[PDB]
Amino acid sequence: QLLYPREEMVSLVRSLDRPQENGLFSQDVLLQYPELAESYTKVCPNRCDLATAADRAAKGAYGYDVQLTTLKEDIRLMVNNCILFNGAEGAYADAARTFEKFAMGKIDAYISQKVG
């Protein structure tokens, strides 16, 4: 059954792309940095970005999980790749962890709104 309409899901995912992250998760790593084709995919054989997630949202990929698990998995993959590739103690990892707490807050606020 369809729980979350495509147009709400597109709006939710677009809302996660904010200026505070200075484009860190806006787009596919390889599209932006083609020199990383072999280096990135060796460390991160599975990847995602907020433009890809918005495309997935628009195609209804996220509408069928009560807890939006499929979307949350695409956010965790972005965040976990950023931390693994740049190193867990560095500034890119800090930026990832701050992004993740915000993104998860925003996703949970939307689920609350849909029940109330």
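Numbers follow the displayed sequence, beginning with 1.
Highest CA B-factor among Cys44, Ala57, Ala88, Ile75, as stated in the entry: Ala88. Among all modelled residues in its chain, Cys82 ranks in the lowest third by Cα B-factor. Among all modelled residues in its chain, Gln32 ranks in the highest third by Cα B-factor. Among all modelled residues in this chain, the alpha-carbon of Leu68 has a temperature factor (C-alpha) in the middle third. Placement of the Cα temperature factor of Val10 within the chain: lowest third of the modelled residues, per the deposited record.
In this PDB entry, the Cα temperature factor of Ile107 sits in the middle third of its chain's modelled residues.
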